[PDB]
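Chemist:
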Ligand SMILES: [Hg+2]
Ligand SMILES: [Hg+2]
Ligand SMILES: [Hg+2]
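Residue numbers (the entry's author numbering): 15 to 315, 332 to 477.
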């Protein structure tokens with residue numbers, strides 16, 4: 015039985031469009047995912063987040079569920095489309111009211127609210143104007159952040175600017191398998207830069223408008239890249255993918271410069287002239303901790335998410351697989367954490383996302399048994415604890431997710447929740463893993 019450090023944060027995570035529902039209620043306007051999901055062939059079975067888990071109406075019950083599970087923190091995203099419809103103009107108070115009430119309820123329960131400003135639900139109007147490949151979007155994101163800070167700053171002390179910008183830029187504009195569904199390598203690289211810029215401008219605005227004790231951060235899905243063989247070519251491959259998956263963001267955000275090799279690898283695609291003088295300094299803002307998302311490692315040797339790395343080829347990492355068919359490999363998380371500790375020694379780490387999808391089902395007696403999810407989480411928590419033992423500064427872990435929800439292009443076909451959701455009724459059924467995880471969050475001990 016392993017014991018986690020004094021003060022370790024135990025929470026769960028969700029995203030606005032994935033759980034909220036009420037897509038066309040109280041002033042909210044369509045985001046890129048609303049458009050993308052209603053587009054034939056884009057999302058499995060034509061599923062949309064119109065209703066999702068109906069969290070917008072069941073928010074009270076969900077917070078109470080968090081309390082019963084003894085969670086200390088709740089990571090959620092703010093729907094830009096609700097707070098500032100269209101991505102420009104004045105704030106919509108009714109939109110902000112939903113989060114005021116939510117945050118207030120969390121606090122009343124002794125649960126620390128952690129808000130992510132941007133979790134992919136870009137207002138469609140900003141996409142109509144160019145989306146992330148267009149510079150103005152970054153400036154608009156900063157204004158939105160100031161609006162959010164100004165309204166919720168007194169109740170929410172932990173903030174995250176962006177969640178997994180890699181997926182947003184490369185899957186959204188590179189391979190187009192995510193909203194808005196575009197496919198252009200340069201567009202994807204411009205999007206990456208503008209996400210870097212937006213993040214910076216946002217942290218600047220957060221720093222400026224929030225109390226002096228608030229915590230600002232960014233959530234990155236750090237790809238842990240490994241080579242198929244020892245070949246020297248496979249090592250070059252690892253470098254290319256690491257630069258595209260991680261350093262294109264950690265470079266500017268944490269070091270104030272794009273890695274030279276990345277610039278070199280993409281020289282055939284672009285000259286990065288859209289990186290205006292001073293953009294890198296703006297993207298490089300002081301953070302209180304880095305949010306890390308991890309699920310599985312990467313094994314390597332006009333329409334892809336890796337512009338400039340066509341010479342490379344990916345492989346299925348070894349290990350059992352989840353419903354997503356992603357390899358289960360706790361070691362990937364341990365190595366990943368050590369890498370980060372080595373590269374950014376002074377940067378406290380928080381696992382803002384980790385979990386697994388399995389084909390759960392509610393039996394005739396009303397129970398949902400997910401022993402496989404219990405194993406996955408336990409195994410990854412052990413890797414985390416091990417990383418901590420060896421020196422890594424990890425301060426928290428957020429299980430993805432509290433509720434089964436709209437898993438983007440996969441629709442509702444993938445269940446990641448600690449709590450099962452009967453979609454037609456919206457009924458929540460805590461799974462066996464919820465009961466097990468509750469014990470870990472109450473004792474701080476991992477059996
Ligand atoms: Hg992704
Ligand atoms: Hg801050
Ligand atoms: Hg990826």
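All C-beta atoms, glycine included, are put in the ideal place defined by N, C-alpha and C.
Would you mind reading off the limits of the alpha helix (DSSP H) that contains residue 473?
Modeler: That run of the alpha helix (DSSP H) goes 462-473.
Chemist: Leaving out five residues before and five after residue 249 in sequence, what residues of the same chain have Cβ atoms less than 6 angstroms from its Cβ?
Modeler: Excluding residues within five positions, the ones whose Cβ falls inside 6 angstroms are 241.
Chemist: Starting from the C-beta of residue 305, find all residues in its chain whose C-beta is less than 6 angstroms away, skip the five residues before and the five after it, and write them out in chain order.
Modeler: Closer than 6 angstroms at Cβ, skipping near neighbours: 174, 231, 233, 380 and 382.
Chemist: Would you kindly work out how many angstroms separate the C-alpha atoms of residue 180 and residue 272, rounded to a whole number?
Modeler: Cα to Cα, the separation comes out at about 14 angstroms.
Chemist: In whole angstroms, what is the alpha-carbon distance linking residue 330 and residue 284?
Modeler: Residue 330 cannot be located in this model; the chain continues from 315 straight on to 332.
Chemist: Leaving out the 5 sequence neighbours to the left and right, which residues in its chain are closer than 6 angstroms to residue 214 when beta-carbon positions are compared?
Modeler: These residues qualify, in order along the chain: 296, 297 and 299.
Chemist: Is it right to say residue 278 is buried, meaning 16 or more other beta carbons lie within 10 angstroms of its own, or is it exposed?
Modeler: Exposed, by the Cβ-count rule.
Chemist: Report the three-state DSSP secondary structure of residue 305 (helix, strand or coil).
Modeler: In the structure shown, residue 305 sits in a strand (DSSP, three-state: E or B).
Chemist: State the DSSP-derived secondary structure class of residue 172, mapped to helix, strand or coil.
Modeler: Correct three-state label for residue 172: strand.
Chemist: Does the pairing of the stretch 85-96 with the stretch 61-68 give three or more beta-carbon distances under 8 angstroms?
Modeler: No, they do not touch.
Chemist: Counting along the chain, where does the alpha helix (DSSP H) carrying residue 233 start and finish?
Modeler: Run containing residue 233: none in the alpha helix (DSSP H); it sits in the beta strand (DSSP E), 229-235.
Chemist: To the nearest angstrom, how far is the alpha carbon of residue 50 from that of residue 15?
Modeler: Answer to the nearest angstrom: the Cα atoms are 46 angstroms apart.
Chemist: Closer than 7 angstroms: is that where the CB of residue 230 sits relative to any heavy atom of ligand 4?
Modeler: This structure lacks ligand 4; its bound ligands are ligand 1, ligand 2 and ligand 3.
Chemist: Per DSSP, what kind of secondary structure is residue 391 in: helix, strand or coil?
Modeler: Coil at residue 391, not helix or strand.
Chemist: Determine the direct distance from the alpha carbon of residue 441 to that of residue 149, and round the result to whole angstroms.
Modeler: Answer to the nearest angstrom: the Cα atoms are 30 angstroms apart.
Chemist: Do the stretch 462-470 and the stretch 404-413 meet, that is, are 3 or more Cβ pairs less than 8 angstroms apart?
Modeler: Counting Cβ pairs under 8 angstroms, three or more are found: they touch.
Chemist: At the level of alpha carbons, what is the spacing between residue 79 and residue 432?
Modeler: Computed Cα separation, rounded: 9 angstroms.
Chemist: From the DSSP output, read off the bridge partner residues of residue 24.
Modeler: DSSP lists 427 as partners of residue 24.
Chemist: Residues in the same chain with beta-carbon distance under 7 angstroms from residue 98, minus the five sequence neighbours each way, listed in chain order, please.
Modeler: Closer than 7 angstroms at the Cβ level, and outside the excluded window around residue 98, lie 105, 106, 158 and 161.
Chemist: Roughly how many angstroms separate the alpha carbons of residue 459 and residue 60, rounded to a whole number?
Modeler: Whole-angstrom Cα-Cα distance: 25 angstroms.
Chemist: If you measure between the beta carbons of residue 192 and residue 203, is that distance less than 8 angstroms?
Modeler: No. Outside cutoff.
Chemist: Hey, could you find the ends of the beta strand (DSSP E) residue 435 is sitting in?
Modeler: No beta strand (DSSP E) holds residue 435; DSSP gives it neither H nor E.
Chemist: When you compare each of 102, 96, 103 and 472 to residue 114 by their alpha carbons, which one comes out closest?
Modeler: Nearest option by C-alpha distance: 96.
Chemist: Give the DSSP bridge partners of residue 310, in chain order.
Modeler: Residue 310 is not bridged to any residue.
Chemist: Just list the beta strand (DSSP E) runs in the stretch 138-192, keeping only unbroken ones of 3 residues or longer that don't cross its boundaries, in chain order.
Modeler: You should have 172-177.
Chemist: Would you identify the three-state DSSP class for residue 100, choosing helix, strand or coil?
Modeler: Looking at residue 100 - three-state DSSP - the assignment turns out to be helix.
Chemist: Would DSSP call residue 357 helix, strand or coil?
Modeler: The answer is strand: DSSP assigns residue 357 an E or B state.
Chemist: Just to confirm before moving on: does the CB-CB distance between residue 353 and residue 57 stay below 8 angstroms?
Modeler: Not in contact: residue 353 and residue 57 (Cβ atoms no closer than 8 angstroms).
Chemist: Going by the C-beta, is residue 275 closer than 7 angstroms to any heavy atom of ligand 2?
Modeler: Checking the Cβ of residue 275 against ligand 2 gives no.
Chemist: Considering only C-alpha positions, which residue in the set 46, 363, 280 and 334 is nearest to residue 238?
Modeler: Checked all of 46, 363, 280 and 334; the closest Cα to residue 238 is 363.
Chemist: When you compare the CB positions of residue 176 and residue 129, do they come within less than 8 angstroms of one another, or not?
Modeler: Going by C-beta atoms, residue 176 is not nearer than 8 angstroms to residue 129.
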